[PDB]
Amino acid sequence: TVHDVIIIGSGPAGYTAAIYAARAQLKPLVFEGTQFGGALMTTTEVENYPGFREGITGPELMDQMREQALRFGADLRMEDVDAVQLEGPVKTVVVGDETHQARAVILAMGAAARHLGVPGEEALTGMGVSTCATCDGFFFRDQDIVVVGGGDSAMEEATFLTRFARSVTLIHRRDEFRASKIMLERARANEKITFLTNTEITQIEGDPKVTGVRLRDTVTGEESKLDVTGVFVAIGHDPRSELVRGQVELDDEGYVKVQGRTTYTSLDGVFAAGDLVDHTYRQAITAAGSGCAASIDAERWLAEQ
C-alpha cells in the first residue's frame, strides 16, 4: 500500500499540509509524534495568529487544526517516525516495528528551542518563562526581565524587549559573544540593557509566576538571586533534521534547504515546510503558510508523475 503522501510532524506546518492534501483527495497519512501539536501545544496565549480578534490558547488553536485535518480525511497517527528512506519513487517511514510507504513525503518536524534545563523552567513556561519576544514581550510592560543567550537571537530579543520592559538583564554563560558585532553593539548602546557574562541560571523561582532567577558565576562559582518577572530563553534552536541528515541537503546549522521560493528539497518527491526550514521568522502563521505551499508543491509534483 503506497500512499500518495506522508507528512511527518503535527505543528502548524504539518496540519496545514494535511488539510490541503486531504481536501485535494490525497488521503494524507500524518505521523504527529507522541509530543504532538507542535510548539504551541505548550504555550498559553496566541494573540498574533490572524483570525482571532480576542486570541486563542495554543492548545485550542492546534485542536482546531487537528480536527480540521480529520474532517477532510487525513489519517492522523500519534506516533514518532524513527527512520526514513526518502530516495527513489517509493519512500519508506519506519515507526517502531511498523513501516509505511508513499510517493511523496512532506517534512514538517519543526525546530526544537534549546532549553536552560533547570528547575522551574517547565513549571513557569507561559507563566513568565518565554521563548518568543515577538509573542510575549507585550506582557512584560514596565517589568524587570532577563534574556539568556549569546548570539544574534539573544541580542535581537533583548533590544526588541526594551520597548516594553523597564529593564533587560542579558545573561550569558561565557565572557565571549557569538553574536555579530552590529547586534552586540546595538545591545551595548541600549541604556535599558545590563550584561551579565560568565553567568548561568540554576533555577527559576515562582509561586504561580516567575519571581526571580538563581545565578551562578561559571568561573568563580559565586551564586546570587535576581528579582525578575520574566525569563526569555534565546540560546538558539535545533532544527529537527536528524531523520533526514545524509539524505536531504542541509545547511551548516542543520536546516533543510529548499529550492528558490518553493518547498522542494534536494530529493525528488520530498518537500519541507515550517521551522525545519525557516530560521528567520519562526511564527505559527508562517509555518502554516509554508505547510500549505508544501502540499500544493506535492500535489503538483504528484500530478507530473
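From 1 onward, residues are counted along the sequence shown.
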item: Stretch with the greater mean C-alpha B-factor as recorded in the entry, comparing 158-166 against 96-104; value: 158-166
item: Mean Cα B-factor comparison, 40-48 or 258-266, giving the higher one as deposited; value: 40-48
item: Options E121, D75, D82, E79 - largest CA temperature factor per the record; value: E121
item: Chain-relative CA temperature factor third for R66; value: lowest
item: Among modelled residues of the same chain, the CA temperature factor third for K225; value: middle
item: Chain thirds of CA B-factor: placement of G236; value: highest
item: CA B-factor placement of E60, once the chain's modelled residues are sorted into thirds; value: middle
item: B-factor third for the C-alpha atom of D251 within its chain; value: middle
